[PDB]
């Protein structure tokens, strides 16, 4: 009825972001881990409705959308409460520009490192590229969040970039990558950032 079928795979950072956002929206969605063997029938249907069996994929009776920037948008159309983006066009543009950067710098590389054919010398050069920009990235995410919250104190929306970066840190630890920072506060914030209840429920 609220058919919503979400194709995912275990330990896939993309599927963890969409599942957490569906949880926050309280949306009716049926999660399908195509990795599990019993779900082989669903995977067949997945290669039918997507060009490359894209993971993850939000499937409804009407559509099948597969990019992360698209999936977050679509989810906002189907469930507007609570809002994931700010209200002002400037801030929304910056949130989008920032989502693209976090996807190409971290999300795409976290997926490269999980390849069993990736040469050791490349993997190590990938982890170092992510270590150089993670702190600077996190500072900008918080910077944009403080602005958007102050410009509309009554809007009371959620910062999807904060939700996405939480999973970056999580996968940093999962992959034994160092979060380079001796700042006591950033570690506290990251500490509380990984402690939010909706995030534990996702893992």
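Residue numbers count along the first chain shown, from 1.
The PDB entry records a higher mean C-alpha B factor for 153-161 than for its counterpart among 153-161 and 168-176. The deposited model assigns a higher average Cα B-factor to 27-35 than to the other stretch when 134-142 and 27-35 are compared. Per-chain ranking of the deposited C-alpha B factor places residue 70 in the lowest third.
The entry lists a Cα temperature factor for residue 187 that places it in the middle third of the chain's modelled residues. When the modelled residues of the chain are ordered by C-alpha B-factor, residue 48 sits in the highest third. When the modelled residues of the chain are ordered by C-alpha B-factor, residue 118 sits in the highest third.
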